[PDB]
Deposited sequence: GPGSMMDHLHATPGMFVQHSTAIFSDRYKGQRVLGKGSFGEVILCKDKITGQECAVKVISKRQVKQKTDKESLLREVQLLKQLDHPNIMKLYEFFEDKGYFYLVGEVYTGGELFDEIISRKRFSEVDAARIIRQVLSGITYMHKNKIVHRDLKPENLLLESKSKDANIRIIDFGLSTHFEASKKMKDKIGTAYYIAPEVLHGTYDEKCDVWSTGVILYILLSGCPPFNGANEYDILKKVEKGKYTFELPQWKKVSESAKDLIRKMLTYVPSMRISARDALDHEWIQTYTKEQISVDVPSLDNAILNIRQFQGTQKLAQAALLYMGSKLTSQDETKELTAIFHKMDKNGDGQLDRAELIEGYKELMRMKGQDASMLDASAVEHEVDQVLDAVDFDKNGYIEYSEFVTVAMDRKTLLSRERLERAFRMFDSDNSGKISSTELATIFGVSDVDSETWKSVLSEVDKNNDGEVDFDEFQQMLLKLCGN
């Protein structure tokens, strides 16, 4: 009897994106052609909280659960360096990204959204599974269809894996986390809190607990106080605010349960004219842009650091390989050395590496059947990734700059770097080095420059 190997069954199509605990890779069954979204959790980057026995049992259970608002899980694999969580793929993107793209959004729309969330949660709770880390990024739409269902992701991971302490992994988490979770004693009621935060945001476009940085947000959450004294709350029903109050009740025993929330007057009324919440849409669009850009900023810096690391490592690997030191390696050698390097969740296969080497070779017009200048290859393979990272950031800059002004203001930078948890006098210092004209604003290139300076370049 043999232990099942992931890559024997699945091939990687492409990267779907970055999630909690690992990279998510779109994959395809080598026989049946079934497409799946595979979260790949790196054992080196993420520590386990539970034992083997406890994990395997949870997986086994999760595979048998079924609910339209919960991500479907098909398979589980494990090897020396990784876990592989194989689930159903969803094509509709993040809930909030869909919402800002609309012209109209009412309490009716919000109620139908929250019912779906509460429904999925209620089910998982019945089965003694807690999310804990529930937020808008974990709410995916099933498809691109207007009336596509919401699929909750990452249920059950937090019980078994330790959360990353890295800011690039924590963006947005602080707004939604329940106070009891901070202090250590928590139960399924923490998920009702998070949903309550999400609802508050849906109807006002602002987080109830907010701050200049991660810790300030957490101070507010811990204190647990909030208000409906914003202007845009005047547009909202009393019942909506009543449910929010009940979900954002501090003491968890006093907090309304998920199942009881589904029976709340507000849910019952609005899910059976209602004005549009135009101000809420405005605020959510701004909120989302800011979050997405701070994320992009952190990923860019991370990619730059990774590249500096990998560039020198790859060169050192090939140098050792280049035994007579003439600078000439062949394709099979480049592959072996690239393999030794990756020893990219997307590259966890021999054929993946063969493919990627070939892509690099084709770009530089090097003949693949002869011998190659490895120094030249290295430059291209890394520049590709550097170029890719630059493009992702730019897109985020342009989206944030909704007025197409070409610029980001000093106030805006304060917000962005606050969310990125970059020290104030630190970024200001780097801004001072770049903005020698006292314009109090930066263009894309200047902004990029700052980020390079904030990662030791």
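Judged by missing C-alpha atoms, the gaps in the deposited chain sequence fall at residues 1-18, 291-295, 367-370, listed in sequence order.
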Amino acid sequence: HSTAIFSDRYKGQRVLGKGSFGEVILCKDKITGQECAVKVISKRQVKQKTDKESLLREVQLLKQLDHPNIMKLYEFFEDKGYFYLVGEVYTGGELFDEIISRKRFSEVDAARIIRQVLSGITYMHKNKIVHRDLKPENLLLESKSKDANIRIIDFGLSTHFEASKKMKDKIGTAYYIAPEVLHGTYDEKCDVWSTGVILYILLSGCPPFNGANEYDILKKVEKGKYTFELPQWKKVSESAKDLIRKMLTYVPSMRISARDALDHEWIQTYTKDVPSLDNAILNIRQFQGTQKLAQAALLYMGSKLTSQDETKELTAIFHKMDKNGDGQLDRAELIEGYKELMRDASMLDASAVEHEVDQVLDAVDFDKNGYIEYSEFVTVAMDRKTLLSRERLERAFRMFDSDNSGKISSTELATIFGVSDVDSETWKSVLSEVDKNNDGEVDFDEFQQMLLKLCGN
From here on, numbers count along this sequence of modelled residues.
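In this text, the rigid core denotes the largest set of C-alpha atoms whose superposition between the two forms falls within 1.5 Å.
Two stretches, 21-29 and 440-448, are weighed by how far their CA atoms sit from the shown form in 9 other deposited structures of this protein after rigid core superposition; the farther one is 440-448. Looking at 173-181 and 283-291, the one farther from the shown form in 9 other deposited structures of this protein by average CA distance, after a rigid core fit, turns out to be 283-291. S239, modelled here, also has coordinates in every other compared entry of this protein that models residues flanking it, well short of the third needed to call it frequently missing. For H125, the fraction of other compared entries lacking coordinates, among those that model flanking residues, is zero, nowhere near a third. Look at the mean CA B-factor for 111-119 and for 228-236 in the entry; the higher one is 228-236. As listed in the deposited structure, the average C-alpha B-factor of 190-198 and of 91-99 is greater for 91-99. Ranking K170, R259, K219, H131 by the C-alpha B-factor listed in the PDB entry places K170 at the top. When the C-alpha B-factors of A363, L243, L305, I284 are read from the PDB record, the largest value belongs to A363. Among all modelled residues in its chain, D147 ranks in the highest third by Cα B-factor.
In the deposited entry, the Cα temperature factor of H160 places it in the middle third of its chain's modelled residues. Split the chain's modelled residues into thirds by C-alpha temperature factor. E58 is in the middle one. In the PDB entry, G370 places in the highest third of its chain by CA B-factor. Among the modelled residues of the chain, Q34 sits in the middle third by CA temperature factor in this PDB entry.
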